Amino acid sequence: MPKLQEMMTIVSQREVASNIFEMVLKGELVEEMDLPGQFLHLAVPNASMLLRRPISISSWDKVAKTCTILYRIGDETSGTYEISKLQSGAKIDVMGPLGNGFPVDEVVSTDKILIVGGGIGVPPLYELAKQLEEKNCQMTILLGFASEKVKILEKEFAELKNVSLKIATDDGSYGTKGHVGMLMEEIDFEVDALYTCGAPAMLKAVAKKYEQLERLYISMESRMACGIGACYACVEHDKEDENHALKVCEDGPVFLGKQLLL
């Protein structure tokens, strides 16, 4: 019954920030999506580039049969660059959706949720907030970027009710000058669940400040090959079980903070 793989149709694609493209994909893979924080394994349209590109699902629309991703491209030798040349109407070779996502079932209206995102870790957090808004809970969402030049999804997050949104930039070009971690240190309440995704140094800061929190969900990245747990490319050490390897693609990409070392 599950589709596993599909030549999806790119509905649109446009550069929404410096070297960051938003692509809308239409297919039957959208009907299988559930938890935020799953990903798609994308084949580059270049036959010399055989490894699929792992990209977070940013949002979806089950009625529209569409999902949305936001991805940063490299230089003209990169595969993501090739993907960005695909035009409205083209097909793209997708495997997915894949991985353990962010759990939301046990979130309830009483809880106060904190969300910490950075860089290209931000896209999957949008579908997360979108789902938490239905549970009538109150969220604070802190997002940091290198520059105004790479800020993404501010408007989408702002249009969400029950959301306080603060935005930092390392250079100060927009919002608060500095890194997200600073806005974390200013938190003045008891958070019951924290969801975070972004660059390793940021994930590390979040994991120390809330090391004692149990509902602490961290979305990881890694170099990948098979994307399904067979090849062992993407292993993290299991913190709670030394002598055991976690696989980012299949055990994750989202882990409990107690499962991870820094």
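A residue's number is simply how far along the shown sequence it sits, counting from 1.
Student: Once you work out the mean C-alpha B-factor for both 181-189 and 142-150 from the entry, which is higher?
Tutor: So the stretch with the higher mean C-alpha B-factor is 181-189.
Student: Per the entry, where is the mean C-alpha temperature factor higher: 107-115 or 84-92?
Tutor: Taking the mean B-factor of the alpha carbons in each, 107-115 is higher.
Student: From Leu40, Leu50, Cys234, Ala201, can you pick the one with the highest C-alpha B factor in the entry?
Tutor: Of the options given, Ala201 has the highest CA B-factor in the PDB entry.
Student: By the entry's C-alpha temperature factors, tell me which of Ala64, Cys197, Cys226, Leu70 sits highest.
Tutor: Of the options given, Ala64 has the highest CA B-factor in the PDB entry.
Student: Of the three thirds of its chain by CA temperature factor, lowest, middle or highest, which one includes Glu156?
Tutor: Within its chain, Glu156 is a middle-third residue by C-alpha B-factor, going by the deposited values.
Student: Could you look up the Cα B-factor of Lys166 in the entry and say which third of the chain it sits in: lowest, middle or highest?
Tutor: Its C-alpha B-factor belongs to the lowest third of this chain's values.
Student: Please say which third, lowest, middle or highest, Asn136 falls into when its CA temperature factor is compared across its chain.
Tutor: Highest third.
Student: When the deposited Cα B-factors of this chain's modelled residues are ordered and cut into thirds, is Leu4 in the lowest, the middle or the highest one?
Tutor: Ranked within chain, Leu4 CA B lands in the middle tercile.
Student: By its CA B factor, does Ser173 count among the lowest, middle or highest third of the modelled residues in the chain?
Tutor: Lowest third.
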